[PDB]
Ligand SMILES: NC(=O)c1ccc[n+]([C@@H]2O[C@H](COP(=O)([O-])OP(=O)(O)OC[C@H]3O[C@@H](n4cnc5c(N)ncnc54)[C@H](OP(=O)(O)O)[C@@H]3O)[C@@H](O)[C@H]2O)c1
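This document starts with one chain, in the form deposited without the ligand, laid out as structure tokens.
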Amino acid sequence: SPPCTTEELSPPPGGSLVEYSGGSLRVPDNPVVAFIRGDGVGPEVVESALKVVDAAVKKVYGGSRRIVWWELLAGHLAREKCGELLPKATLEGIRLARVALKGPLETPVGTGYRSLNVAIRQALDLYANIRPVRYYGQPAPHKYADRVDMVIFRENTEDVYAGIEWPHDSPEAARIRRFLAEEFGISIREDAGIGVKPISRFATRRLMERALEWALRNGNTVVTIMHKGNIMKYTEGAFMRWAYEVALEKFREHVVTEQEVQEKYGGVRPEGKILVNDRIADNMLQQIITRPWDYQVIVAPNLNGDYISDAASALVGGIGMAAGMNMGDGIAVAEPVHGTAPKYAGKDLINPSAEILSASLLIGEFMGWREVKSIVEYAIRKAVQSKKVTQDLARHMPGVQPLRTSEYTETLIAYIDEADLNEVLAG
């Protein structure tokens, strides 16, 4: 059934394609959604996510909407069937559907860290990494976990993560050291490894526009630029300047800067406007710990985004529950932050929440089916409240017998099925 070649690519019979034209995504009510089971715990958590999503859509839409799941292959199932880890057909499949849910992939051989994931983002130009962090009532190390409700928009193509670097003892490094010294009078130690940190106007703008669009569509009232612009003036400082610039250029009537509030509006953010402000990166880390209620949408370059999203997830006791999505222009692939968890693969022990919440982000936010997100979040909060959870959560709760992955899936489905919509979908 799943395709190995371009010629074999055909979406399943009664699904219709999500389309993207004129800056606008068009989602039919019977949308094709690609899925990739991936590796390790991926197949298990992907299976759980499909079942929970199907139940959610039946529940809130009662037949007026249905997802048409389209299986594509990457990782070990692709090696088995197709003889390669990432068939071109899989890439073209995602491009055709525009939307995909995927499990984690193992890193091949001696290739880059998560090289398959990188190959996917690169082929599809998925420049924005989006990570929501919310609290579900779980045991958490943060006293203020219930005030953490954030999304990190992380530029995912540039920064030190771009891979531009050379070994200390390499002839490349020696050539750079000499170039730097003769041309610019810059001295770098002979025994120094060397990395390059590029940050561009183009990539910053694209990311900030997408962040601002999320804020407008979600009714967020603050977008915070996280940067180390005091020390790194021409990369991170520039990121900050360019991010402000595009906000004022393209969303002028929707935004006000902190600067403008504190000299034009008397400390009060006017009604109907998004506050766009900025925080020095190390201070930003302190601030989500100390005053998390002050932050909603966070916009960051690659590394900063990586750090702040991870810190936020830990605060809410959400490390293994964190969802994410990599988004381009009118195309998105959602997946959990966690890896393949090899020691849990196939044991029906893993928490499928991350994968479920990844589907919920894809369908609820990117595709616009908000009520699916509402009911899914409701179901997860209910399970947590009722102590009907997998071991990673249950071990922190006295007297509680942990659920198997499959049991927790059926528990979420029961809660979804039994939900009083008048209460769940209000406001």
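Residue numbers here begin at 1 and follow the sequence given.
Of the other PDB entries compared that resolve residues on either side of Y113, does at least a third omit it? That residue is missing from at least a third of the other compared entries.
Other compared entries missing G62, a third or more: In at least a third of the comparable entries (those modelling both sides of it), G62 has no coordinates.
query = Between 275-283 and 104-112, which has the larger average Cα B-factor in the PDB entry?
reply = Mean CA B-factor is higher for 104-112.
Practice item. Between 229-237 and 259-267, name whichever shows the higher mean Cα B factor according to the PDB entry. Key: Mean C-alpha B-factor is greater for 259-267.
Check: Comparing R98 with the other modelled residues of its chain, is its CA B-factor in the lowest, middle or highest third?
Finding: For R98, whose C-alpha B-factor we compare with every modelled residue in the chain, the answer is the lowest third.
task = Classify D159 as lowest, middle or highest third according to the C-alpha B-factor given in the PDB entry, relative to its own chain.
result = It falls in the middle third of the chain.
Would you mind ranking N220 by its C-alpha B-factor against the rest of the chain and naming the third, lowest, middle or highest?
Middle third - that is where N220 ends up once the chain's C-alpha B-factors are sorted.
(Q) Among the modelled residues of this chain, does the Cα B factor of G305 put it in the lowest, middle or highest third? (A) As the PDB entry reports it, the C-alpha B-factor of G305 lands in the middle third of its chain.
- Going by the recorded CA B-factors, say which third of the chain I120 sits in, lowest, middle or highest. Highest third, going by the recorded CA B-factors of the chain.
As for the form deposited with the ligand bound, it is not shown, yet the points below apply to it.
If we take heavy atoms and a 4.5 Å cut-off, which stretch out of 134-142, 265-273, 315-323, 167-175 is in contact with the ligand in the bound PDB entry?
Of the stretches listed, the one contacting the partner is 315-323.
| Do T340 and the ligand come within 4.5 Å of each other in the bound PDB entry, heavy atoms counted? | Heavy-atom contact with the ligand at 4.5 Å: present for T340.
Is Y344 close to the ligand in the bound PDB entry, meaning a heavy atom pair under 4.5 Å apart or at it?
Taking the distances in the bound PDB entry, the answer for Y344 is yes, it comes within 4.5 Å of the ligand.
| query | Does at least one non-hydrogen atom of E47 fall within 4.5 angstroms of the ligand in the bound PDB entry? | reply | So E47 does not count as contacting the ligand.
- Message: I'd like to know whether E365 contacts the ligand in the bound PDB entry, with contact meaning heavy atoms within 4.5 angstroms.
- Response: No, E365 is distant from the partner.
Review point. Pick from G305, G75, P336, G93: which residue has any heavy atom within 4.5 angstroms of the ligand in the bound PDB entry?
Key: Contact check passes for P336.
| Among the candidate residues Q259, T107, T221, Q122, which is the single one with a non-hydrogen atom no more than 4.5 Å from the ligand in the bound PDB entry? | Answer to the contact question: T107.
Any chance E209, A247 and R252 all have a heavy atom within 4.5 Å of the ligand in the bound PDB entry? Not one of the three qualifies.
| query | So which bits of 346-360 sit within 4.5 Å of the ligand in the bound PDB entry, heavy atoms only? | reply | If the 4.5 Å heavy-atom criterion is applied to the ligand in the bound PDB entry, 346-360 yields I350, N351.
For the rigid parts turning against each other between this form and the one not shown, mark which of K51, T340, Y244, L126 is sitting at the hinge. Hinge position among the options: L126.
task = Since the Cα separation of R26 and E213 moves by 3 Å or more in the bound PDB entry, tell me which way: closer or farther than here.
result = Pair moves farther apart in the bound PDB entry.
What direction does the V27-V223 Cα distance move in the bound PDB entry compared with the shown chain, closer or farther, given a change of 3 Å or more? Compared with the form shown here, the C-alpha atoms of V27 and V223 sit farther apart in the bound PDB entry, by 3 Å or more.
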